[PDB]
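Okay, so here's just one chain, in structure tokens, the form deposited in one PDB entry.
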């Protein structure tokens, strides 16, 4: 058998076939690592190619459960032709018309078992290994029972001590993350994440293959397996919506001891832990958070952009910026996916996902006609922080107070941003995930400004009304779909908004001219869909696309005497006319307002109001958290600057005899009443909590006097320093002035920043989001 990317065991299919293992790795790179370990005469029987074969799974394998129908059980033509699954069936000699119930039939296979060597990320052991188990369970459940399906367990994270040869190994990112927060310090630790099998170094691969047999686990079937395979991989997404609303239930210590002592894993437990953990992670990766409308990748890209560009906004190529984001924000996935999200994050065309892109795209970033799929490759085009928009919408002062994600024991991106405006309902989104779909249509900016200002401005005439409405979850002000960059019409019919294109009829020339398409409808795909209809093309002799870069003009030349037959074979409803029916110039803005909670998990909203009402408390509270901490540091900075002024007012006074070292100089300052200060924390509070700031700022030392430069002893410098103190005490009164406000602390500065975000949006809109 000569299957692609297959390297046989020497004894495969022979007399000793049932002694052979078929190793199934994720791809070529993992395969090359397995070959590295399978070819040692220094392991002195580890395995070798005498009895071990290799085969590539080609990434995620096809879900056979959704591609079969039982009359018998027939495999649909996509599943029958899958090159990856064909190669496994051929290499193993599997038979689809055999149940493999008897020991004699099982010995007609070309290998004794198949050992899944998937990577240890949730994608590997949860989804890919899950999908592989569902394949065998669907067609040969007997093979699972008799241990024909095994797996190789490898670590996902290794943590090495500086003074220890052997490391501590983890198999789930949760295992590490909990163990790391409960660690006193990781300065003497380097965390390594193994994104694929090919990531282990030579000494680790030798260790992994010396102990190869003690790390092969065998899968078993119970009664719960059959339903669980249907919940996780069946046709009914409702069953996933029920299962994926709760967290993973961990294994009991009695359970983990049985599994490891006999090295057998029931399929049902694998589905409840590994596969479920992936699908939960998959939701957090693809469905955005309702607070800031971002996914994990897009939040990493923004946090990485702020670090990369807020100090120096020189443009950078996309693949370079992707490297920065992946480095500094600890991105554990493929470089090419992250580069696509960067490009899509910066596209600004009529109907694009983002009405307010986080970056300025410099180069060819895609047109409306091809759904932004005609953007240049990541090596030609560059991005640049839309700084004026970003600084007004994501206040830098607030990022210190957000909860943060920690990857590999180090701080990464925020768990969520809390922007000044409800970004989750101000943009276009549409993509699926596990269990839930996600689709949202951007609300009108003026409707959003009206809602938030009523909530915040005490002088608004609907302020008290809105608060009484939020409490009972009623609606008083409209939240209409946005019409910006849309020349068509929006109409409401009952509970649904509809988007309409625009057309012109010239009865003489017999041309229908489409001058706008429905919302988010790409031009080239639209024209191709009207040629794929035999019904409609009977009346069309030609379609010609004269559209601008970003305006629509399609010339539909009709066949002689068809306009009268069109009105007949296409009905005219009170909500759509016959030509709008003929040319499919109307869609429905169906929403799937499923989002991600701050502390994890899905959340099903019922209206755009509910999202806005849920986001308000987080933005309200952050303005308080911000002002409360600016108060704490200002209090502290005045203490530090007044202490410095009093020192240099007494400089020649305290230095009255020569002192030996820096610890003696601290004797003199302590006895004279100068406070020991942690100047590093007072100048740079960073992520310190107020309770931690007060605790640690005053337990310090006196570097703030000893690092003082002689030039700060000058009179002109001193008056500069003392007027700085006036600045801070005027500010501190203003700060606690703002804390005392109605309806809540910081209401007036929230209003100030809403005007700043509006001004930035207007400037960007007037410049096609270029800001030049």
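Basically, rigid core = biggest C-alpha set you can superpose within 1.5 Å across the two forms. Residue numbers count along the first chain shown, from 1.
Peer 1: Enter the number of deposited residues without atomic coordinates between residue 71 and residue 72, binned as none, 1 to 3, 4 to 9, or 10 or more.
Peer 2: Unmodelled stretch: 4 to 9 residues.
Peer 1: For the stretch from residue 45 to residue 46, please bin the deposited residues that the model skips: none, 1 to 3, 4 to 9, or 10 or more.
Peer 2: According to the record, 1 to 3 deposited residues lack coordinates from residue 45 to residue 46.
Peer 1: On mean Cα temperature factor in this entry, is 349 to 357 or 93 to 101 the higher one?
Peer 2: Higher mean C-alpha B-factor: 93 to 101.
Peer 1: On average, which has the higher Cα B-factor in the deposited entry, 264 to 272 or 161 to 169?
Peer 2: The recorded data point to 161 to 169.
Peer 1: Sorting 671, 281, 610, 407 by Cα temperature factor from the record, which one lands on top?
Peer 2: Most elevated C-alpha B-factor of the set, per the entry: 671.
Peer 1: Taking the values straight from the PDB record, which of 647, 365, 623, 233 has the highest C-alpha temperature factor?
Peer 2: That would be 647.
Peer 1: Lowest, middle or highest third: where is residue 756 by Cα B-factor in its chain?
Peer 2: Lowest third - that is where residue 756 ends up once the chain's C-alpha B-factors are sorted.
Peer 1: Ordered by C-alpha B-factor within the chain, which third holds residue 544? Give me lowest, middle or highest, please.
Peer 2: Tercile = middle for this residue's CA B-factor.
Peer 1: Would you check the entry's CA temperature factor for residue 694 and let me know if it's in the chain's lowest, middle or highest third?
Peer 2: CA B-factor rank for residue 694: highest third.
Peer 1: Tell me, lowest, middle or highest third: where does the Cα B factor of residue 416 rank within its chain?
Peer 2: Bottom third by C-alpha B-factor.
Peer 1: Please rank the C-alpha B-factors of the chain's modelled residues and tell me whether residue 458 sits in the lowest, middle or highest third.
Peer 2: Answer is highest: the recorded C-alpha B-factor places it there.
The form deposited in another entry is left out here; the points below concern that form.
Peer 1: With the two forms superposed on the core, which of 380, 659, 546, 687 shows a CA shift of 2 angstroms or more between this form and the one not shown?
Peer 2: Comparing the C-alpha positions, the one residue that moves 2 Å or more is 659.
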